[PDB]
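Here the structure is laid out as structure tokens; the discussion comes afterwards.
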Amino acid sequence: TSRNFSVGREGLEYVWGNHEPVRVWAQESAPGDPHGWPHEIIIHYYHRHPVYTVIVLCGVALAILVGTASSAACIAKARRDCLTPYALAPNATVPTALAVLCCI
Amino acid sequence: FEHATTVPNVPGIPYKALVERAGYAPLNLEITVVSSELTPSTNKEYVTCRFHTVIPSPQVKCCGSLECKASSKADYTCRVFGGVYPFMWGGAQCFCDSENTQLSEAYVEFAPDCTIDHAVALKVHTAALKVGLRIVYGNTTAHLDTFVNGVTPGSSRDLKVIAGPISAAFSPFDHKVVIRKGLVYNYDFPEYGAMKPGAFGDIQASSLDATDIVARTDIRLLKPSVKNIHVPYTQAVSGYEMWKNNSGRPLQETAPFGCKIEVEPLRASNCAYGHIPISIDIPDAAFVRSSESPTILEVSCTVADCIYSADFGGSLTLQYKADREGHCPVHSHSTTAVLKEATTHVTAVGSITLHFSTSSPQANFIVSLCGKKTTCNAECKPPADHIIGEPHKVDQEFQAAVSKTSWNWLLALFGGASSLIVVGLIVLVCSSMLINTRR
């Protein structure tokens with residue numbers, strides 16, 4: 001027959017019949033490349049440590065999301081501040097730099 | 001000069017350090033935990049084995065009267081039966097066939113084969129850890145057995161060392177243990193005097209030869225039925241045999257941290273857990289002044305194909321120019337890299353190769369040669385082999401186990417959000433200032 005035994009970094013020890021104990025330790029030989037493209041890096045560090053990897057990826061996602069949201073809110077508030085005085089007044093001879101910057 | 005460090009309690013893996021005095025050449029200091037012994041203090045509660053149910057020969061007084069007396073035997077049982085009229089070989093052993101009283105008697109003792117086949121019940125206490133250490137400093141090596149408690153010192157003829165306490169206390173033995181032909185079990189045997197039939201410890205004694213044997217086997221005699229002389233009884237099974245059948249695996253195959261349980265005395269050997277804080281009073285004669293050691297005028301490091309594995313994966317080369325021929329001690333100042341060598345011969349000009357084991361994706365660590373440092377920078381690939389037959393000699397860290405490419409990507413992505421928030425705040429502030437100016 002055949003028996004599968006998971007071996008961690010701390011290691012494993014097995015005795016088969018009357019033979020002496022045999023000890024084996026697991027490597028960090030995950031499939032991927034820490035110094036390659038991002039997909040390889042995430043594959044490597046997810047196979048090594050799935051929970052920690054998922055945590056850092058979700059943290060990065062939250063960071064980019066809140067950064068984009070804050071930037072959007074700030075540009076919208078700047079548009080409000082620099083436009084509402086002119087929208088309440090006639091003949092808004094606006095230098096188009098502000099609008100062209102903050103319309104998109 | 002006294003040097004204090006915190007070694008990892010892992011047998012067979014050298015731990016290296018470089019003790020640096022104010023005005024003496026740096027000295028190597030390498031420590032190995034050759035063996036350890038986590039031994040508790042045990043007291044014998046009792047011994048037990050299969051009981052031999054000895055049945056004294058019955059007696060008959062068959063028109064008198066007999067009363068059951070009390071004895072001091074183990075599980076002594078006595079009864080008085082009436083009309084029996086026993087036959088032996090002639091068909092009659094009695095006169096006054098009625099009122100025929102007979103005394104049934106039975107008790108238990110230790111079986112003749114119990115001097116080998118027996119179990120001993122012990123209660124353990126706080127375990128004391130003792131380590132055999134090999135310490136080499138400079139050129140001198142010393143072996144010493146020291147108690148890991150923080151007070152008791154180890155001494156080798158000029159060298160004093162004090163170790164302990166262990167960072168995290170641990171003991172594989174529960175409060176109550178049983179030993180049986182060198183096999184130890186963490187079984188909750190009954191306390192002495194509280195025998196129960198059909199379970200372990202049903203028969204107890206202070207020793208194999210002890211005459212104060214006490215037992216409770218639920219032996220009960222029965223009234224004889226057939227005419228011929230005999231004594232019938234029924235008794236529970238041997239609790240020792242039942243425990244043997246349901247003993248389960250011993251602690252030799254169940255102790256965590258992979259450590260060998262040995263007997264006479266009870267102990268656990270070569271048992272890796274925690275860290276040992278060790279301070280060594282290095283003798284003054286060991287050190288030599290820096291004026292005698294060969295200072296290296298310059299040196300440059302280049303790392304060869306490196307690999308972060310348990311064994312000595314990577315290799316590097318120091319190209320050096322010095323002023324004299326000597327015996328420089330080499331060290332790695334990073335906690336995530338350990339060299340193979342400790343002292344290397346050095347010439348006026350040349351190059352020397354050093355092997356090393358690292359647990360980080362990149363070799364970005366400092367190497368010291370006769371004190372002077374060099375920043376070895378390189379990248380290490382993942383190991384090819386999945387399993388090895390050797391323990392990892394370097395612990396894994398968090399900030400050092402992430403590759404510098406991944407660090408750069410994460411830093412850029414986080415700095416994007418940081419840049420976005422700061423530009424938002426500054427544009428808001430400048431808009432506020434401008435509207436204030438033009439209000």
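Here's how to read the names in the structure tokens: chain A, B, ... by the order shown, residue numbers from 1 in each chain, ligand numbers from 1 in the order shown.
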Might you pull out every residue within 12 Å of region 228-234 of chain B, with only C-alpha atoms counted and same-chain residues fewer than 3 positions away left off, and present them as a VMD selection string?
chain B and resid 53 to 60 77 to 81 84 to 94 102 to 107 217 to 225 237
Export of the given selection (N, CA and C atoms) as a compact mmCIF listing (two decimals), in the first residue's frame:
```txt
# COMPACT_ATOMS: atom_id res chain seq x y z
N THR B 53 -4.69 -16.44 41.99
CA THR B 53 -5.78 -16.72 42.92
C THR B 53 -5.48 -18.05 43.60
N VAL B 54 -4.89 -17.96 44.79
CA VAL B 54 -4.55 -19.15 45.56
C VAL B 54 -5.75 -19.54 46.42
N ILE B 55 -6.12 -20.81 46.35
CA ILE B 55 -7.28 -21.35 47.06
C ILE B 55 -6.77 -22.33 48.10
N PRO B 56 -6.75 -21.98 49.39
CA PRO B 56 -6.35 -22.95 50.41
C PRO B 56 -7.26 -24.18 50.39
N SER B 57 -6.67 -25.31 50.74
CA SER B 57 -7.41 -26.57 50.73
C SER B 57 -8.61 -26.47 51.67
N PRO B 58 -9.81 -26.87 51.25
CA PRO B 58 -10.96 -26.77 52.15
C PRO B 58 -10.85 -27.71 53.33
N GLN B 59 -11.53 -27.34 54.42
CA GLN B 59 -11.67 -28.19 55.59
C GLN B 59 -13.15 -28.43 55.87
N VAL B 60 -13.43 -29.56 56.51
CA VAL B 60 -14.79 -29.99 56.82
C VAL B 60 -14.85 -30.42 58.27
N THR B 77 -11.13 -13.99 51.36
CA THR B 77 -12.55 -14.31 51.29
C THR B 77 -12.78 -15.67 51.93
N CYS B 78 -13.75 -15.72 52.85
CA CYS B 78 -14.08 -16.93 53.59
C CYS B 78 -15.59 -17.07 53.69
N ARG B 79 -16.06 -18.31 53.64
CA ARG B 79 -17.48 -18.61 53.75
C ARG B 79 -17.65 -19.96 54.44
N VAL B 80 -18.84 -20.17 54.98
CA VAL B 80 -19.21 -21.41 55.66
C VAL B 80 -20.44 -21.97 54.96
N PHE B 81 -20.35 -23.22 54.50
CA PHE B 81 -21.44 -23.90 53.83
C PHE B 81 -21.92 -25.06 54.68
N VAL B 84 -23.08 -30.70 52.70
CA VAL B 84 -22.31 -30.94 51.49
C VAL B 84 -22.03 -32.43 51.28
N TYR B 85 -21.51 -33.11 52.31
CA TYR B 85 -21.21 -34.54 52.24
C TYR B 85 -20.22 -34.82 51.11
N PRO B 86 -18.95 -34.44 51.27
CA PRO B 86 -18.02 -34.50 50.14
C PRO B 86 -17.44 -35.89 49.91
N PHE B 87 -17.22 -36.20 48.64
CA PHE B 87 -16.60 -37.45 48.20
C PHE B 87 -15.21 -37.16 47.67
N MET B 88 -14.24 -38.02 48.01
CA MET B 88 -12.87 -37.86 47.53
C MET B 88 -12.45 -38.99 46.60
N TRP B 89 -12.34 -40.22 47.09
CA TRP B 89 -12.10 -41.38 46.24
C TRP B 89 -12.84 -42.64 46.68
N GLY B 90 -13.20 -42.76 47.95
CA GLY B 90 -13.94 -43.89 48.47
C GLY B 90 -15.43 -43.69 48.56
N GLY B 91 -15.93 -42.52 48.19
CA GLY B 91 -17.34 -42.23 48.25
C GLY B 91 -17.85 -41.74 49.58
N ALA B 92 -16.97 -41.50 50.56
CA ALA B 92 -17.40 -40.97 51.85
C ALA B 92 -16.19 -40.44 52.59
N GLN B 93 -16.23 -39.16 52.97
CA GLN B 93 -15.19 -38.52 53.77
C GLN B 93 -15.74 -37.99 55.09
N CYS B 94 -16.93 -38.43 55.49
CA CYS B 94 -17.67 -37.79 56.57
C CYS B 94 -18.47 -38.82 57.35
N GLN B 102 -18.67 -26.99 56.11
CA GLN B 102 -17.42 -26.90 55.36
C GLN B 102 -16.99 -25.45 55.28
N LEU B 103 -15.68 -25.22 55.35
CA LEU B 103 -15.11 -23.88 55.29
C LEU B 103 -14.47 -23.66 53.93
N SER B 104 -14.99 -22.70 53.17
CA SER B 104 -14.43 -22.30 51.89
C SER B 104 -13.55 -21.08 52.10
N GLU B 105 -12.33 -21.13 51.59
CA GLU B 105 -11.35 -20.07 51.79
C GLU B 105 -10.62 -19.80 50.48
N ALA B 106 -10.33 -18.53 50.22
CA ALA B 106 -9.60 -18.17 49.01
C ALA B 106 -9.00 -16.79 49.18
N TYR B 107 -7.85 -16.57 48.54
CA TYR B 107 -7.26 -15.23 48.48
C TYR B 107 -6.35 -15.17 47.26
N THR B 217 -10.49 -8.01 44.10
CA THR B 217 -10.76 -8.64 42.82
C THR B 217 -12.21 -9.09 42.67
N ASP B 218 -13.08 -8.75 43.62
CA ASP B 218 -14.48 -9.14 43.59
C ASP B 218 -14.63 -10.67 43.54
N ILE B 219 -13.73 -11.38 44.22
CA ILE B 219 -13.84 -12.83 44.31
C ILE B 219 -15.02 -13.19 45.21
N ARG B 220 -15.88 -14.08 44.73
CA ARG B 220 -17.02 -14.56 45.49
C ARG B 220 -17.12 -16.07 45.36
N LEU B 221 -17.20 -16.75 46.50
CA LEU B 221 -17.33 -18.19 46.55
C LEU B 221 -18.79 -18.60 46.36
N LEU B 222 -18.99 -19.83 45.90
CA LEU B 222 -20.32 -20.37 45.63
C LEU B 222 -20.50 -21.67 46.40
N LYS B 223 -21.75 -21.98 46.71
CA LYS B 223 -22.05 -23.21 47.44
C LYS B 223 -21.76 -24.41 46.55
N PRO B 224 -21.00 -25.40 47.01
CA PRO B 224 -20.74 -26.57 46.15
C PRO B 224 -22.02 -27.34 45.86
N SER B 225 -22.10 -27.89 44.65
CA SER B 225 -23.27 -28.62 44.18
C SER B 225 -22.99 -30.09 43.95
N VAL B 237 -11.90 -10.57 36.05
CA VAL B 237 -10.70 -10.78 35.26
C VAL B 237 -9.55 -10.01 35.89
```
Counting only C-alpha atoms, which residues from chain A have an atom at most 6 Å from any atom of chain B, and could you show them as a PyMOL selection string?
chain A and resi 24-27+29+34-35+64+67+71+74+78
Proximity to residue 94 (chain A) - best of A:82, A:7, A:15, A:41, only C-alpha atoms:
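Going through A:82, A:7, A:15, A:41 one by one, the smallest distance to residue 94 (chain A) is for A:82.
The smallest atom-to-atom distance between residue 227 (chain B) and any of B:83, B:95, B:273, B:128, using only C-alpha atoms, is found for B:83.
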Could you tell me which of A:104, A:90, A:42, A:13 comes closest to residue 254 (chain B) if we count only C-alpha atoms?
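Counting only C-alpha atoms, the residue closest to residue 254 (chain B) is A:13.
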Need to verify the contact set: residue 112 (chain B), 10 Å, only C-alpha atoms, exclusion of same-chain residues closer than 5 positions in sequence. Can you return it as a PyMOL selection string?
chain B and resi 50-52+117
Please list as an mmCIF file with C-alpha atoms, in the first residue's frame every residue within 10 Å of residue 150 (chain B), counting only C-alpha atoms and excluding residues in the same chain fewer than 3 positions away.
```cif
data_model
loop_
_atom_site.group_PDB
_atom_site.id
_atom_site.type_symbol
_atom_site.label_atom_id
_atom_site.label_comp_id
_atom_site.auth_asym_id
_atom_site.auth_seq_id
_atom_site.Cartn_x
_atom_site.Cartn_y
_atom_site.Cartn_z
ATOM 1 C CA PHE B 147 21.636 22.173 35.128
ATOM 2 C CA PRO B 153 26.844 26.702 37.282
ATOM 3 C CA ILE B 162 25.286 29.558 33.800
ATOM 4 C CA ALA B 163 22.182 28.598 31.824
ATOM 5 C CA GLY B 164 18.426 28.791 32.251
ATOM 6 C CA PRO B 165 15.591 29.181 32.981
ATOM 7 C CA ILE B 166 13.800 27.681 29.960
ATOM 8 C CA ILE B 276 18.138 28.685 26.994
ATOM 9 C CA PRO B 277 19.627 31.992 28.258
ATOM 10 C CA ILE B 278 23.316 31.229 28.804
ATOM 11 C CA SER B 279 26.006 33.561 30.155
#
```
Would you list, as a ChimeraX atom specification, the residues of chain A that end up in alpha helix (DSSP H) under DSSP run on this structure's backbone?
/A:38-48,50-87,97-102
Deliver the residues from the most recent selection as a file, using C-alpha atoms, as a PDB file, in the first residue's frame.
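Dumped everything to result-v3.pdb:
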```pdb
ATOM      1  CA  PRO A  38       3.529  39.507  -9.080  1.00  0.00           C
ATOM      2  CA  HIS A  39       1.418  36.448  -9.937  1.00  0.00           C
ATOM      3  CA  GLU A  40       4.341  34.104  -9.216  1.00  0.00           C
ATOM      4  CA  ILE A  41       5.066  35.904  -5.935  1.00  0.00           C
ATOM      5  CA  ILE A  42       1.475  35.649  -4.708  1.00  0.00           C
ATOM      6  CA  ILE A  43       1.311  31.983  -5.749  1.00  0.00           C
ATOM      7  CA  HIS A  44       4.536  31.223  -3.869  1.00  0.00           C
ATOM      8  CA  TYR A  45       3.607  33.045  -0.664  1.00  0.00           C
ATOM      9  CA  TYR A  46       0.014  31.752  -0.785  1.00  0.00           C
ATOM     10  CA  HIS A  47       1.194  28.149  -1.013  1.00  0.00           C
ATOM     11  CA  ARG A  48       3.650  28.812   1.823  1.00  0.00           C
ATOM     12  CA  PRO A  50      -2.379  31.072   2.732  1.00  0.00           C
ATOM     13  CA  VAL A  51      -3.885  32.971   5.679  1.00  0.00           C
ATOM     14  CA  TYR A  52      -1.085  35.538   5.944  1.00  0.00           C
ATOM     15  CA  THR A  53      -1.064  35.985   2.172  1.00  0.00           C
ATOM     16  CA  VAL A  54      -4.824  36.535   1.957  1.00  0.00           C
ATOM     17  CA  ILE A  55      -4.574  38.989   4.847  1.00  0.00           C
ATOM     18  CA  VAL A  56      -1.903  41.103   3.147  1.00  0.00           C
ATOM     19  CA  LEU A  57      -3.705  41.049  -0.221  1.00  0.00           C
ATOM     20  CA  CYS A  58      -7.000  42.124   1.356  1.00  0.00           C
ATOM     21  CA  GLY A  59      -5.156  44.825   3.287  1.00  0.00           C
ATOM     22  CA  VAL A  60      -3.571  46.119   0.080  1.00  0.00           C
ATOM     23  CA  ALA A  61      -6.964  46.053  -1.651  1.00  0.00           C
ATOM     24  CA  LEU A  62      -8.520  48.037   1.201  1.00  0.00           C
ATOM     25  CA  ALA A  63      -5.611  50.492   1.130  1.00  0.00           C
ATOM     26  CA  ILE A  64      -5.966  51.208  -2.590  1.00  0.00           C
ATOM     27  CA  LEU A  65      -9.755  51.446  -2.256  1.00  0.00           C
ATOM     28  CA  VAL A  66      -9.663  53.956   0.606  1.00  0.00           C
ATOM     29  CA  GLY A  67      -6.911  55.919  -1.138  1.00  0.00           C
ATOM     30  CA  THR A  68      -8.925  56.194  -4.346  1.00  0.00           C
ATOM     31  CA  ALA A  69     -12.082  57.104  -2.417  1.00  0.00           C
ATOM     32  CA  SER A  70     -10.269  59.791  -0.418  1.00  0.00           C
ATOM     33  CA  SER A  71      -8.701  61.252  -3.562  1.00  0.00           C
ATOM     34  CA  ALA A  72     -12.103  61.309  -5.282  1.00  0.00           C
ATOM     35  CA  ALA A  73     -13.733  63.008  -2.291  1.00  0.00           C
ATOM     36  CA  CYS A  74     -10.929  65.569  -2.049  1.00  0.00           C
ATOM     37  CA  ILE A  75     -11.077  66.502  -5.741  1.00  0.00           C
ATOM     38  CA  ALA A  76     -14.874  66.731  -5.552  1.00  0.00           C
ATOM     39  CA  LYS A  77     -14.678  69.021  -2.514  1.00  0.00           C
ATOM     40  CA  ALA A  78     -12.028  71.145  -4.238  1.00  0.00           C
ATOM     41  CA  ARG A  79     -14.307  71.428  -7.275  1.00  0.00           C
ATOM     42  CA  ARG A  80     -17.167  72.496  -5.007  1.00  0.00           C
ATOM     43  CA  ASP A  81     -15.041  75.111  -3.238  1.00  0.00           C
ATOM     44  CA  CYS A  82     -13.535  76.562  -6.429  1.00  0.00           C
ATOM     45  CA  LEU A  83     -16.747  76.413  -8.520  1.00  0.00           C
ATOM     46  CA  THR A  84     -19.737  77.285  -6.317  1.00  0.00           C
ATOM     47  CA  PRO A  85     -18.824  81.017  -5.986  1.00  0.00           C
ATOM     48  CA  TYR A  86     -18.735  81.265  -9.788  1.00  0.00           C
ATOM     49  CA  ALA A  87     -21.928  79.244 -10.335  1.00  0.00           C
ATOM     50  CA  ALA A  97      -7.366  74.655 -15.858  1.00  0.00           C
ATOM     51  CA  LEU A  98      -9.405  73.791 -12.753  1.00  0.00           C
ATOM     52  CA  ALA A  99     -12.365  72.348 -14.657  1.00  0.00           C
ATOM     53  CA  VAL A 100     -10.252  70.413 -17.172  1.00  0.00           C
ATOM     54  CA  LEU A 101      -8.265  69.016 -14.241  1.00  0.00           C
ATOM     55  CA  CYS A 102     -11.203  68.003 -12.042  1.00  0.00           C
TER      56      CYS A 102
END
```
